[PDB]
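Asker: Let me give you the structure first, and then I'll get to my questions.
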Amino acid sequence: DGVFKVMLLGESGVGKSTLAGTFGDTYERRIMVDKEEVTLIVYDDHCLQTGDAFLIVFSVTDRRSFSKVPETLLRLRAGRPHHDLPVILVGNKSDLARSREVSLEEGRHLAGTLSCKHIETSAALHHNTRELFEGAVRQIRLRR
Ligand SMILES: Nc1nc2c(ncn2[C@@H]2O[C@H](COP(=O)(O)OP(=O)(O)O)[C@@H](O)[C@H]2O)c(=O)[nH]1
Ligand SMILES: [Mg+2]
């Protein structure tokens, strides 16, 4: 038990709704991680205050959504400066190989520098989409 709220943030057309699509403008489901149960609610300023974890999604095929991550992250951390926020940077569209603008290594480097987790996903194909919402659950538990 325990209720976990997870927020999806990022520029338009990076895949927020599609990612929430694979889980379920909110989606509520009872899931199981490392052999225990939890209700996870995925949301696609009162947002800032109630969120347990934040998924900052960019498209790996869109370099303008990558560059905007640092500022999105800092505005967010500024919203609760006393809090240690669990944050995952989600490199979506990992399937469009020939359209890529952002490598795995720059994305990983971005994450470490900024103290978040990193994961690449394809929401169109449900690749790493289960691990994404699972990693979210794990970070939130650590904060409890
Ligand atoms: N190839 C590919 N297309 C995707 C992926 N995720 C989303 N899209 C497409 O990109 C467009 C925008 O997705 P959407 O969820 O509306 O983005 P939003 O603006 O964050 O809500 C739609 O055409 C999606 O089908 C992905 O992982 N791979
Ligand atoms: Mg949308």
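We're sticking with Swiss-Prot numbering for chain A, so the shown stretch reads 113-136, 151-170, 183-282, in order.
Quick reminder: no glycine exception, Cβ is built from N, Cα and C everywhere.
Got these off Swiss-Prot a minute ago, pasting:
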- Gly122, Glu123, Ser124, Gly125, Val126, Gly127, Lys128, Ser129, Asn230, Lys231, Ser232, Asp233, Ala261, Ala262: GTP binding site (BINDING)
Asker: Of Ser124, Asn230, which of the binding-site residues has the most Cβ neighbours inside 10 Å?
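Answerer: Compared across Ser124, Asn230, the most Cβ atoms within 10 Å surround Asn230.
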Asker: To see if you understand the setup: which same-chain residues, six or more apart in sequence, place their Cβ under 8 Å from that of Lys128 (GTP binding site)?
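Answerer: Spatial neighbours, sequence-distant, of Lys128 (GTP binding site): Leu120, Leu121, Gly122, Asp170, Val195.
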Asker: Which number gives the other C-beta atoms within 10 angstroms of the C-beta of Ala261 (GTP binding site), all protein chains shown included?
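Answerer: Neighbour count, Cβ to Cβ under the 10 Å cut-off: 25.
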Asker: What does the Cα distance in Å come to between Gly136 and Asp151, when 14 residues between them are unmodelled?
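Answerer: Unmodelled segment endpoints: Cα atoms separated by 10 Å.
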Asker: Between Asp170 and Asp183 the model skips 12 residues; how long is the Cα-Cα span in Å?
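Answerer: Per the coordinates, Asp170 lies 14 Å from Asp183, Cα to Cα.
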Asker: I'd like the Cβ neighbour count for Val126 (GTP binding site), meaning other Cβ atoms within 10 Å of its Cβ, all protein chains included.
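Answerer: Taking all protein chains shown, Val126 (GTP binding site) has 27 Cβ neighbours within 10 Å.
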Asker: Which number gives the other C-beta atoms within 10 angstroms of the C-beta of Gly122 (GTP binding site), all protein chains shown included?
Answerer: 22
Asker: Should we count any of the binding-site residues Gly122, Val126, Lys128, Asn230, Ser232 as near ligand 2, judged by a CB under 6 A from one of its atoms, and which?
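Answerer: Passing the 6 Å Cβ check against ligand 2: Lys128.
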Asker: With the GTP site defined by the record as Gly122, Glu123, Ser124, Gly125, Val126, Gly127, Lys128, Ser129, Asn230, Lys231, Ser232, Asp233, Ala261, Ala262, how many Å span the farthest pair of C-alpha atoms?
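Answerer: Spelled out: the longest distance between any two Cα atoms in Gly122, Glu123, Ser124, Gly125, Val126, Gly127, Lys128, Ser129, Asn230, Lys231, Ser232, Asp233, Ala261, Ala262 is 19 Å.
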